[PDB]
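Each remark here refers to the structure printed beneath this line.
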Amino acid sequence: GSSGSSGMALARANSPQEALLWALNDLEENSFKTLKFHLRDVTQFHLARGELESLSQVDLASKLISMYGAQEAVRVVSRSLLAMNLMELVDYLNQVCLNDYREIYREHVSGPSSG
(Lines of atoms letter the chains of each structure in order from A and count residues from 1; the text may use other names and numbers.)
(Lines give C-alpha, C1' and ligand atoms only; values in the text may rest on other atoms or scores of the structure.)
Protein backbone atom coordinates (compact mmCIF):
# COMPACT_ATOMS: atom_id res chain seq x y z
CA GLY A 1 0.00 0.00 0.00
CA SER A 2 2.69 2.48 1.01
CA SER A 3 1.37 5.47 2.95
CA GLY A 4 2.73 8.81 4.12
CA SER A 5 3.46 12.29 2.79
CA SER A 6 5.67 14.45 5.01
CA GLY A 7 4.05 15.49 8.27
CA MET A 8 1.39 14.06 10.59
CA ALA A 9 -0.86 16.90 11.73
CA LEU A 10 -3.74 16.74 9.25
CA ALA A 11 -5.92 19.65 10.35
CA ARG A 12 -3.89 22.59 11.66
CA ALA A 13 -6.24 23.98 14.31
CA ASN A 14 -5.63 26.55 17.04
CA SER A 15 -7.14 24.69 20.00
CA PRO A 16 -7.51 21.20 21.55
CA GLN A 17 -11.29 21.35 21.10
CA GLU A 18 -10.99 21.22 17.32
CA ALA A 19 -8.33 18.51 17.58
CA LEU A 20 -10.75 16.31 19.51
CA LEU A 21 -13.87 17.10 17.49
CA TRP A 22 -11.98 16.29 14.29
CA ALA A 23 -10.84 12.97 15.75
CA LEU A 24 -14.46 11.93 16.28
CA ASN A 25 -15.49 12.97 12.77
CA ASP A 26 -12.50 11.24 11.17
CA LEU A 27 -13.68 7.94 12.63
CA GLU A 28 -15.57 5.78 10.14
CA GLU A 29 -19.04 4.31 10.64
CA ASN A 30 -17.69 0.89 11.60
CA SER A 31 -14.97 2.31 13.86
CA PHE A 32 -17.12 4.94 15.57
CA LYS A 33 -19.92 2.42 16.09
CA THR A 34 -17.50 0.20 17.99
CA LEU A 35 -15.59 3.00 19.71
CA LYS A 36 -18.87 4.41 21.05
CA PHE A 37 -19.47 1.29 23.14
CA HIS A 38 -15.84 1.27 24.27
CA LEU A 39 -16.48 4.66 25.89
CA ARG A 40 -18.25 3.05 28.85
CA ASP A 41 -15.19 0.84 29.31
CA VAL A 42 -13.04 3.94 29.84
CA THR A 43 -15.63 6.24 31.42
CA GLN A 44 -17.29 3.63 33.63
CA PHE A 45 -20.07 6.15 34.28
CA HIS A 46 -23.86 5.80 34.35
CA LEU A 47 -24.20 6.82 30.70
CA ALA A 48 -26.88 4.27 29.81
CA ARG A 49 -30.62 3.88 29.26
CA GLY A 50 -30.54 6.10 26.18
CA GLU A 51 -27.47 8.10 27.17
CA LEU A 52 -24.55 6.53 25.30
CA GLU A 53 -26.52 6.43 22.06
CA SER A 54 -27.66 10.02 22.63
CA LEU A 55 -24.03 11.10 22.25
CA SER A 56 -22.58 12.01 18.85
CA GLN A 57 -19.62 13.54 17.02
CA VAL A 58 -20.53 16.91 18.52
CA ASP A 59 -22.24 15.90 21.76
CA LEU A 60 -19.30 13.64 22.61
CA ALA A 61 -16.83 16.46 21.97
CA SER A 62 -18.79 18.74 24.31
CA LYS A 63 -19.36 16.09 26.97
CA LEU A 64 -15.74 14.93 27.04
CA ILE A 65 -14.65 18.50 27.78
CA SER A 66 -17.55 19.22 30.14
CA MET A 67 -16.81 16.09 32.17
CA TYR A 68 -13.02 16.35 32.08
CA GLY A 69 -11.71 18.95 29.64
CA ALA A 70 -9.91 19.54 26.36
CA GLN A 71 -6.50 18.41 27.62
CA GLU A 72 -7.88 15.30 29.33
CA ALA A 73 -10.46 14.45 26.66
CA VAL A 74 -7.61 13.98 24.19
CA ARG A 75 -5.83 11.58 26.55
CA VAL A 76 -8.97 9.48 27.03
CA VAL A 77 -9.68 8.86 23.34
CA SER A 78 -6.00 7.99 22.92
CA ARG A 79 -6.23 5.33 25.63
CA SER A 80 -9.17 3.66 23.89
CA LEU A 81 -7.61 3.91 20.43
CA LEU A 82 -4.84 1.55 21.55
CA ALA A 83 -7.51 -1.10 22.13
CA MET A 84 -8.87 -0.69 18.60
CA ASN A 85 -5.34 -0.74 17.15
CA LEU A 86 -5.08 2.69 15.51
CA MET A 87 -1.66 4.25 16.03
CA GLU A 88 -2.54 6.65 13.21
CA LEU A 89 -5.05 8.40 15.47
CA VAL A 90 -3.02 7.89 18.64
CA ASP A 91 -0.11 9.77 17.06
CA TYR A 92 -2.36 12.68 16.09
CA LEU A 93 -3.99 13.19 19.49
CA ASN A 94 -0.64 12.67 21.23
CA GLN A 95 0.76 15.52 19.14
CA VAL A 96 -1.95 17.85 20.46
CA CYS A 97 -1.75 18.19 24.24
CA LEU A 98 -0.88 21.47 25.96
CA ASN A 99 0.25 20.85 29.54
CA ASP A 100 3.67 21.82 30.89
CA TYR A 101 3.97 22.76 34.57
CA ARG A 102 7.38 22.80 36.27
CA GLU A 103 7.74 23.14 40.04
CA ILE A 104 4.87 24.12 42.33
CA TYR A 105 6.63 26.01 45.13
CA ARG A 106 8.07 29.11 43.47
CA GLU A 107 6.62 28.80 39.97
CA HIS A 108 6.29 32.51 39.19
CA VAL A 109 6.91 34.29 35.89
CA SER A 110 3.93 36.47 34.97
CA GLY A 111 0.59 34.97 35.96
CA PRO A 112 -0.65 31.80 34.19
CA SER A 113 -4.20 32.26 35.49
CA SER A 114 -5.73 35.54 34.33
CA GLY A 115 -3.01 37.37 32.41
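Per the deposited numbering: the sequence shown = residues 1 to 115.
Think of the CB as a built atom: it goes at the ideal place given N, C-alpha and C, for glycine as much as any other residue.
Listed in chain order, the alpha helix (DSSP H) runs fully inside the stretch 17-97 are 29-43, 59-67, 70-84 and 87-95, counting runs of at least 4 residues.
The count of Cβ pairs closer than 8 Å, one atom from the stretch 2-11 and one from the stretch 41-56, stays below three, leaving the stretches out of contact. With fewer than 16 other CB atoms across the displayed protein chains lying within 10 angstroms of its CB, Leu-82 is exposed. When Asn-94, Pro-112 and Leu-93 are compared, the shortest CA-CA separation from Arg-102 is found for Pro-112. Within the model, the alpha-carbon separation for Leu-21 versus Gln-44 is close to 21 Å. Scanning its chain for C-beta atoms nearer than 8 Å, with the 5 sequence neighbours on each side dropped, one finds around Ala-11 the residues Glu-18, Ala-19 and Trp-22, in chain order. A direct Cα-to-Cα measurement between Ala-70 and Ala-61 gives close to 9 Å.
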